[PDB]
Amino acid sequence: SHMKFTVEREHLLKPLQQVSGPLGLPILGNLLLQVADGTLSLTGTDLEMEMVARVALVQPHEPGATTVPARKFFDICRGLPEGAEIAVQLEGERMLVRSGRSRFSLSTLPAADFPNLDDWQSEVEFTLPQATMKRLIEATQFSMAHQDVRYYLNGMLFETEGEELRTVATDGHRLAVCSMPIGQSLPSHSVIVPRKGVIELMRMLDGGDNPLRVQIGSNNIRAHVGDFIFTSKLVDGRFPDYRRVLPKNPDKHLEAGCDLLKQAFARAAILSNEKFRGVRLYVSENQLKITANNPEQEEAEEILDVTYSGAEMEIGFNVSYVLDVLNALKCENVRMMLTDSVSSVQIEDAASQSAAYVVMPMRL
C-alpha cells in the first residue's frame, strides 16, 4: 500500500519510452507501476495490446502498485540530468518523484483499475535473432491494408512451416511474402497480428544481439526481447493463401538494376494522375518504356535498357505499388516476371527468392 523505489535515471529511460508505445480514455493514458521483490514492472496498454518492462531494484524498496500519467512521468525523467538518482514514492493519491532539489507530485489512478488482457495458453514457442524478425516485418509491412472492410487484411500473417517463419501482407491489390530459416523444426501454425501490433513489435527490435522469444496462443501472440514483454490479441478471419496468389507460369522475365528502375518509376510518378497513379509499361527487346500522364495533359516518358527477350506487351500499374516494392527490395538487381496485360506481376531480388512481391495491374 506504500510503494517506494529509487533507481538511476539511465535504467529507467529506455523502459519508459518502450512501454509508452501502445499509447497515443483516462486510465489508458497511464502506466502501471508495480514494485515486488527486487522488481519494478512498468505496463502500457491500448486494450488490444500491452507492453511490459522489468527493471531490477538494487536499492531498498517497498512493495506496491499505482498508475501514473505516462508522458508526464517520461518527460520528468528525461528532463533530469545524466546520472540522476530518481526516488519515487506514493503519498496518498499522489505519486512523488524526487531527484536532487527537484520535486514532482503526479496525480494517479488505482492499480486495481488498470486493464489486463485475459489469461491465455501458449501453443507454439520459438526463438530467433531480432534482425531476422525485423527483416520479415520490413519486407512486407507496406503491403498491409489500412481500414479495409476485410478485417483480416489490416494486419500481417505470421506463419511457421518446417524450419521457417514467414510473413504475408496484402490489401487485395498487391501482396508481399517473406520467409526465413530459423534453424529449428516448428509446427505448422498461422496467425494474423493486427497492424498496430506489427508496428509495436517492430519498434521493440533494436537489431541487437538480445534474442527474440515468441509464444503463440489461439487468440494471442507474445514477444520477449531482453527485459521487455509485448502481448497482442490476434485478428479473426481467413487470410488469403499466397501460394494461390503467386502467378502460375510468368514466362516473360525482365531484369534490370533496382536503383535505375526505382528512379525511372519515381520520376514518371511526378506526372501521373494524383488520384489513379497509373503508369503504362511497354516491354520490347532489351527495353522498358514507362509513360505517365495526368489530367493537365502533362507527360513523363522514361526509356531504360533492361534484359528482356520475350513477346512485346503493354501493362498498366499504380506507380506507388511498384515504388513500394522497389523501395523494399534493397538489392542490386530486380527480376519482374510477367504473363499478360490483365495478369499480376511477380517482382523479386534477382539474387534471392526469400521475398516475393505480387502486383495486380490496372486497366488503362
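Between two forms, the rigid core is defined as the largest C-alpha subset superposing within 1.5 Å. In case it trips you up, residue 1 is the first one in the sequence shown, and so on.
Of the two segments 260 to 268 and 236 to 244, the one whose CA positions lie farther from the displayed form in 7 other deposited structures of this protein, once all are superposed on the rigid core, is 236 to 244. Averaged over structures and residues, the CA distance from the shown form in 7 other deposited structures of this protein after a core fit is larger for 111 to 119, of the two stretches 164 to 172 and 111 to 119. The segment from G24 to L25 is interrupted, since 4 to 9 residues of the deposited sequence in that interval carry no coordinates. The question of which stretch, 170 to 178 or 187 to 195, has the higher mean Cα B factor is settled in favour of 187 to 195. Stretch comparison (110 to 118 versus 90 to 98) by mean CA B-factor in the PDB entry places 110 to 118 on top.
When the C-alpha B-factors of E159, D75, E125, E85 are ranked from the entry, the top spot goes to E125.
Within the selection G79, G278, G155, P211, the deposited Cα B-factor values reach their highest point at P211.
The deposited CA B-factor of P60 belongs to the highest third of values across its chain.
Sort the chain's modelled residues by C-alpha temperature factor and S309 lands in the highest third, per the entry. Split the chain's modelled residues into thirds by C-alpha temperature factor. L33 is in the middle one. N327: CA B factor in the middle third of modelled residues in this chain (values from the PDB entry).
Per-chain ranking of the deposited C-alpha B factor places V358 in the lowest third.
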